[PDB]
Asker: 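Here you go, one structure.
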Amino acid sequence: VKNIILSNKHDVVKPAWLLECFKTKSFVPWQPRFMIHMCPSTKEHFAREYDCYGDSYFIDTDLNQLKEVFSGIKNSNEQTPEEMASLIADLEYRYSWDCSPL
Amino acid sequence: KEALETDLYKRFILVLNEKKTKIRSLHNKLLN
Amino acid sequence: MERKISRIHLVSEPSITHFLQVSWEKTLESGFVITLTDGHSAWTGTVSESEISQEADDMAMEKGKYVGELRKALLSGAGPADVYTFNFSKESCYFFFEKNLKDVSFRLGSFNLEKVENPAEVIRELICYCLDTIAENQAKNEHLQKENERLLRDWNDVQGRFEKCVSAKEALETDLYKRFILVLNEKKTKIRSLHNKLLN
């Protein structure tokens, strides 16, 4: 699988995709969740329809889907406590989130 | 609790910035 | 000036209990003043470091062990199985104490006490000291009880606050995702509108 991934000429799909296809007895479109690798053509196809992460631009998001999207993004340490707090406060103020109890 | 809140907010704001860049890129094509 | 009062039963007069008061400055090793009373007469004597050292040398053992035995005997620090016999010759005012062990006894120590012309003064001093220490201990116990009650109340309040906050944590955890979903859905609706306009 690693060798196939390194050679960017094929798409690597998790077995869950085939299991779901069998469950619904139909061809389900690809999603970033099922794709372990993306060929340049598939990468270009997903770039327009889908965000760089496992999130989409057209189809809405649900609780589970947002949880998976947040799982894909890994924690980063480019922020600072003070600036992070300022950004959080600005975000709450902009969208009127001052009614929260916490 | 503070760590969890900070992590969730950072993830959400990053996703929102990605959406905003997509919005700006799509709007840039209106003038064309 | 540490002091210790104990009750003993002399073999000569086992029907009554005598009171032995031992007062020392820093430690029993340096020396101590003992006073034996019975409510009517008192006998006061003193023991110095030289006497203790001589007694330890005569009994041929380390000073520490002798001091420990003296503490166990005079200060009423006896263990679960330790019998001490105190004899006092009033005519000669000779007070000695020994350790009983099965069928053998060891003459642990001996002193020559002398009568005091005013036993009433020493009796009154002893009673006053006892009352003073009783009052001090009662005050300390009351203060400790108050502190314990305050600590218990504060602990209960903090426990309740923690109980509320632990659930508030999960409440916020659940609320944040829903808020993010709503805002992202609005943004994606704007995206869809713009895409449809471009397609048109």
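Below, chains carry the letters A, B, ... as their sequence lines are ordered, and counting in each starts from 1. All values below come from the heavy atoms of this structure, side chains included, with hydrogens, waters and symmetry mates left out.
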Asker: Checking side-chain contact (heavy atoms from CB on, under 4.5 Å) against C:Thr35, which of C:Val122, C:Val116, C:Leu113, C:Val22 comes through?
Answerer: C:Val122

Asker: May I have the step-by-step check of side-chain hydrogen bond (donor to acceptor under 3.5 Å, both in side chains) for A:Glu82 and A:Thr80, ending in yes or no?
Answerer: CA-CA 6 Å; A:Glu82 293 177 350; A:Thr80 316; over 6 Å; no

Asker: Side-chain heavy atoms nearer than 4.5 Å, only ILVMFWY residues, links allowed to pass through others: does that put A:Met35 and A:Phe27 together?
Answerer: yes

Asker: Spell out, as yes or no, whether a donor-acceptor pair under 3.5 Å connects the side chain of C:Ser23 to the backbone of C:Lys4.
Answerer: no

Asker: Under the side chain to side chain contact (heavy atoms under 4.5 Å, CB included) rule, what do A:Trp30 and A:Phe46 come out as? Steps first, then yes or no, please.
Answerer: CA-CA 9 Å; A:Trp30 269 294; A:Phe46 285 14; 3.6 Å; yes

Asker: Given A:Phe70 and A:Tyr53, is the ring pair (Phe, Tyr, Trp, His ring centres under 6.0 Å) satisfied, shown in steps?
Answerer: CA-CA 9 Å; A:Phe70 277 37; A:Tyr53 296 103; 9.5 Å; no

Asker: Using a strict cut-off of less than 4.0 Å between a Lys/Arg side-chain nitrogen and an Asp/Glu carboxylate oxygen, indicate whether C:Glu69 and C:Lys72 qualify as a salt bridge.
Answerer: yes

Asker: Applying side-chain hydrogen bond (donor to acceptor under 3.5 Å, both in side chains) to B:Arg24 and B:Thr21, what does each step give before you reach the verdict?
Answerer: CA-CA 5 Å; B:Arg24 289 296 135 259; B:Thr21 71; over 6 Å; no

Asker: I'd like to know if the side chain of C:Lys99 pairs up with that of C:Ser105 as donor and acceptor (distance under 3.5 Å, no hydrogens or angles considered).
Answerer: no

Asker: Between A:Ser56 and C:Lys188, which heavy-atom pair has the shortest distance, and what is it?
Answerer: O-NZ, 3.3 Å

Asker: Output yes when A:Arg94 and A:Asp90 qualify as a salt bridge under the 4.0 Å nitrogen-oxygen rule, no when they do not.
Answerer: no

Asker: The test is side chain to side chain contact (heavy atoms under 4.5 Å, CB included); show your working for B:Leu30 and B:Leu26 and say whether it passes.
Answerer: CA-CA 7 Å; B:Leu30 292 203; B:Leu26 198 46; over 6 Å; no

Asker: So do the side chains of C:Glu147 and C:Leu151 get within less than 4.5 Å of each other, counting heavy atoms only?
Answerer: yes

Asker: Tell me whether the count of non-hydrogen atoms from other residues, nucleotides or ligands lying under 6.0 Å of CZ in C:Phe106 goes above 12.
Answerer: no

Asker: One thing to verify: whether A:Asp62 and A:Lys67 come together as a salt bridge, which I'm taking to mean a side-chain N less than 4.0 angstrom from a carboxylate O.
Answerer: no

Asker: Heavy atoms, side chains only, cut-off 4.5 Å: are A:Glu20 and A:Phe34 in contact?
Answerer: yes

Asker: Can you name the closest pair of heavy atoms from B:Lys10 and A:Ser76 and give their distance?
Answerer: NZ-O, 2.7 Å

Asker: Please check: side-chain N/O of C:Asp38 versus main-chain N/O of C:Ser41, any donor-acceptor pairing under 3.5 Å?
Answerer: yes

Asker: Does C:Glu125 pair with C:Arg3 as a salt bridge, N-O distance under 4.0 Å?
Answerer: yes

Asker: After noting the C-alpha distance and the side-chain angles of C:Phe86 and C:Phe88, does the key distance pass the ring pair (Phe, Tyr, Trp, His ring centres under 6.0 Å) rule?
Answerer: CA-CA 7 Å; C:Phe86 309 89; C:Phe88 180 39; over 10 Å; no

Asker: Give a yes or no on whether A:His45 atom NE2 has more than 12 heavy-atom contacts from other residues, nucleotides or ligands under 6.0 Å away.
Answerer: no

Asker: Please answer: with hydrophobic residues joined when any side-chain heavy atoms are less than 4.5 Å apart, are B:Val15 and B:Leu8 in the same cluster?
Answerer: yes

Asker: Take atom NZ of C:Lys197 as the centre, draw a 6.0 Å sphere, and report whether it contains more than 12 heavy atoms from other residues, nucleotides or ligands.
Answerer: no

Asker: Are C:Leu101 and C:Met59 co-members of a hydrophobic cluster defined by side-chain heavy atoms under 4.5 Å apart?
Answerer: no

Asker: Is there side-chain contact between C:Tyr84 and C:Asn100, with at least one heavy-atom pair below 4.5 Å?
Answerer: no

Asker: Does this structure show an ion pair linking C:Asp157 with C:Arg153, if we count only N-O contacts that are shorter than 4.0 Å?
Answerer: no

Asker: Side-chain contact, heavy-atom cut-off 4.5 Å: C:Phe32 with C:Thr46?
Answerer: no

Asker: Can you tell me if A:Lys74 uses its side chain to pair, donor with acceptor, with the backbone of A:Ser71 under 3.5 Å?
Answerer: yes

Asker: With sequence neighbours excluded, give me every salt bridge (charged side-chain N to carboxylate O under 4.0 Å, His left out) pair touching residues 10-30 of chain C.
Answerer: C:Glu13-C:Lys90

Asker: Over all heavy atoms of both residues, which pair between C:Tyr66 and C:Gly109 is shortest? Give the atoms and the distance, please.
Answerer: OH-CA, 4.0 Å

Asker: If only atom types and distance count, is the side chain of B:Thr6 paired as donor or acceptor with the main-chain N or O of B:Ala3 below 3.5 Å?
Answerer: yes

Asker: Quick check against the 3.5 Å criterion: does A:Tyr95 have a side-chain atom that pairs as donor or acceptor with the backbone of C:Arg179?
Answerer: no

Asker: Do C:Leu182 and B:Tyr9 sit in the same hydrophobic cluster, where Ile, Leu, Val, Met, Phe, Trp and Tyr count as joined when their side-chain heavy atoms come under 4.5 Å apart?
Answerer: no

Asker: Specify the closest pair of heavy atoms between B:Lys1 and C:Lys169, including all atoms of both residues, with the distance to one decimal.
Answerer: N-NZ, 3.1 Å

Asker: Would you check if the distance from the ring center of C:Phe180 to the ring center of B:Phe12 is below 6.0 Å?
Answerer: yes

Asker: Under a 4.5 Å cut-off applied to non-hydrogen side-chain atoms, are A:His10 and A:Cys39 in contact?
Answerer: no

Asker: Given the rule in the side chain to side chain contact (heavy atoms under 4.5 Å, CB included) test, do A:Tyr50 and A:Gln31 qualify, once you have shown the distances and angles that lead to the verdict?
Answerer: CA-CA 9 Å; A:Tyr50 274 48; A:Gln31 292 154 54; 4.1 Å; yes

Asker: Can you find a heavy atom in the side chain of A:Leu66 that is under 4.5 Å from one in the side chain of C:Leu184?
Answerer: yes

Asker: Going by an N to O cut-off under 4.0 Å, is there a salt bridge joining C:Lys187 and A:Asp60?
Answerer: no

Asker: Taking all atoms of both residues into account, what is the closest heavy-atom pair of A:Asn8 and A:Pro40, and its distance?
Answerer: O-CD, 3.8 Å

Asker: I'd like to know if C:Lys63 pairs up with C:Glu49 as an ion pair, taking the criterion as any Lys NZ or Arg NE/NH1/NH2 lying under 4.0 Å from an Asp or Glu carboxylate oxygen.
Answerer: yes

Asker: Please determine whether a side-chain nitrogen of the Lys or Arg among A:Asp51 and B:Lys22 lies less than 4.0 Å from a carboxylate oxygen of the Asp or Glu.
Answerer: no

Asker: Given side chain to side chain contact (heavy atoms under 4.5 Å, CB included), test A:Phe58 with A:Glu49 step by step and report yes or no.
Answerer: CA-CA 7 Å; A:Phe58 302 168; A:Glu49 286 304 339; 3.0 Å; yes

Asker: Look only at the side chain of A:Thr24 and the backbone of A:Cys21, and say whether a donor-acceptor pair between them is shorter than 3.5 Å.
Answerer: no

Asker: In the structure I gave you, are the side-chain heavy atoms of A:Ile4 and A:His37 within less than 4.5 Å of one another anywhere?
Answerer: no

Asker: Below 4.5 Å, heavy atoms only, C-beta onward: do A:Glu83 and A:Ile88 meet side chain to side chain?
Answerer: no

Asker: Determine whether C:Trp43 and C:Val33 fall in the same hydrophobic cluster, where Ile, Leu, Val, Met, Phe, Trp and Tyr are linked whenever their side-chain heavy atoms lie under 4.5 Å apart.
Answerer: no

Asker: Minimum heavy-atom separation for C:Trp24 and C:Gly31, please, with both atom names.
Answerer: CB-O, 3.4 Å

